[PDB]
Amino acid sequence: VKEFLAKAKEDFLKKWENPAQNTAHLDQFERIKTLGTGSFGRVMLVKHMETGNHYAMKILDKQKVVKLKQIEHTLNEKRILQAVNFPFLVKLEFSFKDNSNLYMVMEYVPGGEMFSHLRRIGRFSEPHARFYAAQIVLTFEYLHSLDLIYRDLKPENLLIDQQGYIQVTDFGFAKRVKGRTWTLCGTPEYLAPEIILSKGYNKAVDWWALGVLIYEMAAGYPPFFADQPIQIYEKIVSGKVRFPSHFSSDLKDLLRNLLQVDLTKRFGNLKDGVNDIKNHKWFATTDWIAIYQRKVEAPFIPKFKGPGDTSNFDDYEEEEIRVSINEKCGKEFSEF
Amino acid sequence: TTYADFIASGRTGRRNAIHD
Ligand SMILES: Nc1ncc(Cc2ccccc2)s1
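Residues numbered from 1 in each chain as written, not as in the entry; some residues may be left out. Chains lettered and ligands numbered in written order. Heavy atoms only, no water.

A. Geometry of the sheet that holds strand β2 (residues 41–48) of chain A. Residue and element names in this part refer to chain A. Across the sheet, 5 strands lie side by side as β1-β2-β3-β5-β4; this open sheet has antiparallel pairing. A single partner strand is all that each edge strand has here, and the edge strands are β1 (29–38) and β4 (92–97). Averaged over all neighbouring strand pairs, the angle between strand axes comes to 25 degrees, with direction disregarded. Across 8 bridges, β2 lies against strand β3 (residues 53–61) in antiparallel orientation. Its bridge partner lying in β3, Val43 is registered against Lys58. Against the sheet, helix α3 (residues 71–83) touches β3, β4 and β5 (101–107), its axis set at about 35 degrees to β5. (Pairing = 2+ DSSP bridges. Helix = DSSP H or I, 4+ residues; strand = E, 2+ residues; numbered from the N terminus. Axes fitted to C-alpha atoms, helices over the stretch in contact; angles between N-to-C directions. Contact = heavy atoms within 4.5 Å.)

Now the structure itself:
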């Protein structure tokens with residue numbers, strides 16, 4: 001583990017300090033369908049012509065990123081992704097830019113989001129939820145060892161692969177920080193109290209978000225919901241959680257320690273760090289090595305119909321890609 | 001029920017990130 005993480009960091013740091021740039025070009029890909037949208041572009045299913053490999057290409061309109069003041073966040077995202085390498089993180093295959101846009105070509109993960117299956121089925125059994133929770137526990141131990149805070153855990157951002165294992169996507173808010181940080185970002189249901197209250201905060205916000213996730217998986221709804229974000233915030237800072245009567249007592253206790261307002265008491269945030277979580281009774285049946293190596297059988301394998309099938313994703317209205325004749329925001333994105 | 005209160009709320013679709 002220590003020795004895993006030592007090698008992981010050496011590996012990461014080389015790429016961190018010398019980021020890969022300009023490793024493909026748009027005209028090498030055949031565009032097929034939109035798998036998702038966002039405030040600065042979309043993710044499209046695409047085909048790499050030279051190989052016949054399918055990928056998910058994220059396109060960001062440089063002008064939109066600038067307007068929304070997300071330049072630094074966007075350079076974080078690319079610089080981190082090109083440098084990390086973990087089984088439960090979607091791989092960045094290529095990245096490039098043109099006059100108008102930024103492009104991040106990711107590994108295509110055809111099983112769709114946990115969100116979809118979670119909403120459809122209603123809720124996951126404790127074993128089913130424990131299985132995905134353990135993959136996140138290891139993923140955060142990997143990312144936090146690298147000084148990386150993730151900051152957007154939610155079922156919408158966890159993709160299910162062909163083996164029924166999770167792949168974390170969307171690094172738009174990930175940041176390499178040694179001390180504390182202040183940006184208000186993330187998703188309302190998943191924000192730790194520190195964030196809402198404009199305190200400086202650190203990685204402990206990822207562990208809190210883990211408690212929100214685990215609870216959502218196992219209850220079928222989040223511990224703090226309302227029709228408007230400000231009503232959600234009050235619920236979160238009051239730190240009053242009710243559990244479904246079906247919740248096992250081990251689960252209720254883990255959740256009490258994860259969704260802990262007092263940072264000297266929050267699991268992940270103490271002298272033993274991540275082992276508080278890994279050693280908790282709820283996880284007693286978890287074989288950590290076998291999860292990492294993917295030899296545990298998944299509770300659920302997605303229905304697969306083809307290499308480039310898209311039915312596990314919602315439909316989205318297409319929009320043509322226009323590339324301007326003039327370079328936009330060149331200086332802002334020169335390191336991209 | 002809490003489930004019923006959830007299902008009837010405006011937040012059962014995909015949830016957008018906030019920032020600033
Ligand atoms: N690698 C990817 N496969 C499908 C994707 C669309 C998507 C992207 C982000 C969050 C949810 C869904 S990204």
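B. Examining the packing of aromatic side chains more closely. Residues and elements named next belong to chain A. On inspection of all chains with the given rule, the structure shows 28 aromatic pairs over all chains. Considering the side-chain rings of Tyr221 and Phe225, the 6.2 Å spacing of their centres and the 70 degrees angle between planes classify their relative orientation as edge-to-face. Judged on exposure class, the residue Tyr221 and its partner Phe225 are both buried. When the ring centre of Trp16 is taken as reference, the NZ or CZ atom of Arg79 above it lies at 3.9 Å. (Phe/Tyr/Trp six-rings, centres within 6.5 Å; stacked < 30°, edge-to-face > 60°. Buried < 20%, exposed > 50% of the residue type's maximum accessible area, 1.4 Å probe, protein only. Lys NZ or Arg CZ within 6 Å of the ring centre and 35° of its normal.)

C. Just the UniProt feature "active site" in chain A, in detail. All names here are of chain A. Per the UniProt annotation, the sites labelled "active site" are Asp152. Tracing the backbone shows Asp152 in the loop between β6 (148–149) and β7 (158–160). Setting aside anything within four residues of it in sequence, one finds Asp152 in contact with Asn157, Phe173, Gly186 and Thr187. (UniProt positions renumbered as here; feature names shortened; annotations may be inferred.)

D. Layout of the site of the ligand. All names here are of chain A. As a matter of local geometry, the ligand sits amid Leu35, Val43, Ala56, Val90, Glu107, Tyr108, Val109, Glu113, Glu156, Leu159, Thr169 and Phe313. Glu107 places a main-chain nitrogen or oxygen 2.9 Å from a nitrogen atom of the ligand. Across the complex, the protein chains shield 91% of the 350 Å² of accessible surface that the ligand would expose by itself. One can see that the ligand is located within the largest pocket. (Near = heavy atom within 4 Å. Polar contact = N/O pair within 3.5 Å; in protein donor to acceptor, adjacent residues only side chain to side chain. Areas by Shrake-Rupley, 256 points an atom, 1.4 Å probe, with all protein chains shown as cover. 1 Å grid on protein atoms, 1.4 Å probe; cavity = no way out; pocket = protein on both sides within 12 Å on 5 of 7 lines; lining within 4 Å. Sits in = over half its atoms within 2 Å of the grid points.)

E. Spatial organisation of empty space enclosed by the protein. Residue and element names in this part refer to chain A. Taken as a whole and assessed by the stated rule, the structure comprises 2 cavities of 30 Å³ or more. Estimated volume of the largest cavity: approximately 100 Å³. In terms of lining, the largest cavity is formed by 13 residues, of which the most central are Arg151, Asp152, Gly186, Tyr190 and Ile195. When contributions to the lining of the largest cavity are tallied by element, the ones reaching two or more residues are β10 (185–186) and α7 (204–219). A per-element tally of the lining of the largest cavity places α7 first, with 3 residues. What lines the second largest cavity is simply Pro110, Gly111, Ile160, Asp161, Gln162, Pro302, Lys303, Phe304, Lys305, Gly306, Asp309 and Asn312. Residues belonging to the lining of the second largest cavity are distributed by class as follows: 4 nonpolar, 4 polar and 4 charged. Split by domain, the residues of the lining of the second largest cavity number at least three in each of domain 1 (1–18 + 113–303) and domain 2 (19–112 + 304–334). (Points joined across faces, edges and corners; volume = space filled by probe spheres on them. Nonpolar A, V, L, I, M, F, W, Y, C, P; charged D, E, K, R; others polar. Domains from an automatic or database assignment.)

F. Quick look at the interface of chain A and chain B. With 32 residues of chain A at the contact, the number on the chain B side is 16 residues. Approximately 2000 Å² of surface area, both sides summed, lies buried where chain A meets chain B, with 53% of it carried by carbon and sulfur atoms. Where chain A packs against chain B, one counts 6 salt bridges. Across the pair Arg15 of chain B and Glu156 of chain A runs a salt bridge, and its minimum N-O distance is 2.8 Å. Between chain A and chain B we count 12 residue pairs in polar contact in total. Those elements that place two or more of their residues in the side of chain A that touches chain B are α4 (114–121), β10 and α8 (229–238) of chain A. (Buried area = accessible area lost by both parts, 1.4 Å probe. Salt bridge = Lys/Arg side-chain N within 4 Å of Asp/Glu carboxyl O.)

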